[PDB]
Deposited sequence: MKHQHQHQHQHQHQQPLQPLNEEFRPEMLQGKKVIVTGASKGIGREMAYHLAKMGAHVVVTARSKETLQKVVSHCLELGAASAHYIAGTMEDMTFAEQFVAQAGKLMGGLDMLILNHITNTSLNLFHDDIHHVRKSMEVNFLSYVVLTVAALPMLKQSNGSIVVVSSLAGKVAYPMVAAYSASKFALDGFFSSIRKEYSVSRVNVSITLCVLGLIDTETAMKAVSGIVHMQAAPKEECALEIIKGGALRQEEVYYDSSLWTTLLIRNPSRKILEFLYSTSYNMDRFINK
């Protein structure tokens, strides 16, 4: 079972931590006395978040501002974050490029950036953080969505990026479960959450602060997948036993 003391003194990265769920996660991590490095584009808002993390009781708290459209930044960020903390125990991959509910016409650039920020940068950040996490026997936490497990209209490019996370990180999970690499991988399937962006872009939305905690919890407990939706009807059918079998079979 989960105890907030499991995070005390743990060295933790939170991406897309300036707004929404990622911010809540940083604050939670702080109140559990964790070393935290937050990141996002907003140089200004990030510093505001760091100050609040120290007040809430972070062992330490830094920011590095940048955009995850830049794969170079992502490599460097992990190196620099590891320097500021003296290691890394948990990498939380939460950031997304902004997406709207729209029928797809011909916007190939939106598909491309979506795939870059929402998927590729996670692989880059993963690669850079893997030495430290192998050493700490750490966790990678991937934030995904219902839209990454089931099809919904109006969100194709986004959905395509969330499906890839599952495909790529689940394949890696198995690869770590045989090469003995003792890093856990936690895919989080979230329903609608009551963040500013989500509401001002669109069902019942679950509370952001409780959501953030469930992500941290699942990651701390080293769970393979985490589900969180405002409904229990939703959450229960999102699991898929047919897959567990096929996988176990081969």
Q.
Need the unmodelled segments of the deposited chain, numbered from 1, in order.
A. 1-22, 225-229, 278-289
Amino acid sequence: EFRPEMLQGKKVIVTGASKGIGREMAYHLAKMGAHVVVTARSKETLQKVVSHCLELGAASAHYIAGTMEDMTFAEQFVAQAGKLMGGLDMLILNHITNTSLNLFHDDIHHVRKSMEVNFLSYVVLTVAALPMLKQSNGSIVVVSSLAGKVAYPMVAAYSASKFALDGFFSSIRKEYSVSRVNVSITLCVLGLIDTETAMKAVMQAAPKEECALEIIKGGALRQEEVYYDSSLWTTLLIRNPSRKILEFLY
From here on, numbers count along this sequence of modelled residues.
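We call the rigid core whatever largest set of C-alpha positions still superposes within 1.5 Å between the two forms.
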Q: Could you tell me which of the two stretches, 229-237 or 14-22, has its Cα atoms lying farther from the shown structure in 7 other deposited structures of this protein after fitting on the rigid core?
A: 229-237
Q: Mind pulling up the entry and telling me whether 79-87 or 113-121 has the higher mean Cα temperature factor?
A: 79-87
Q. Taking only the CA atoms, which stretch has the higher mean B-factor in the record, 12-20 or 229-237?
A. 229-237
Q. Which one, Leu190, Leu187, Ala201, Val38, has the peak C-alpha temperature factor per the PDB entry?
A. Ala201
Q: Could you tell me which one of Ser179, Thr126, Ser170, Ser161 shows the highest CA temperature factor in the PDB record?
A: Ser179
Q) What third of the chain, by the recorded C-alpha B-factor, contains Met154? A) middle
Q. Which third of the chain holds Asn102 when residues are ordered by C-alpha B factor: lowest, middle or highest?
A. highest
(Q) Quick check for you: using the entry's CA B-factors within this chain, is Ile108 in the lowest, middle or highest third? (A) highest
Q.
Based on the deposited C-alpha B factors for this chain, I'd like to know if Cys53 is in the lowest, middle or highest third.
A. highest
**Q.** Within-chain third of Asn137 by Cα B-factor, per the entry
**A.** highest
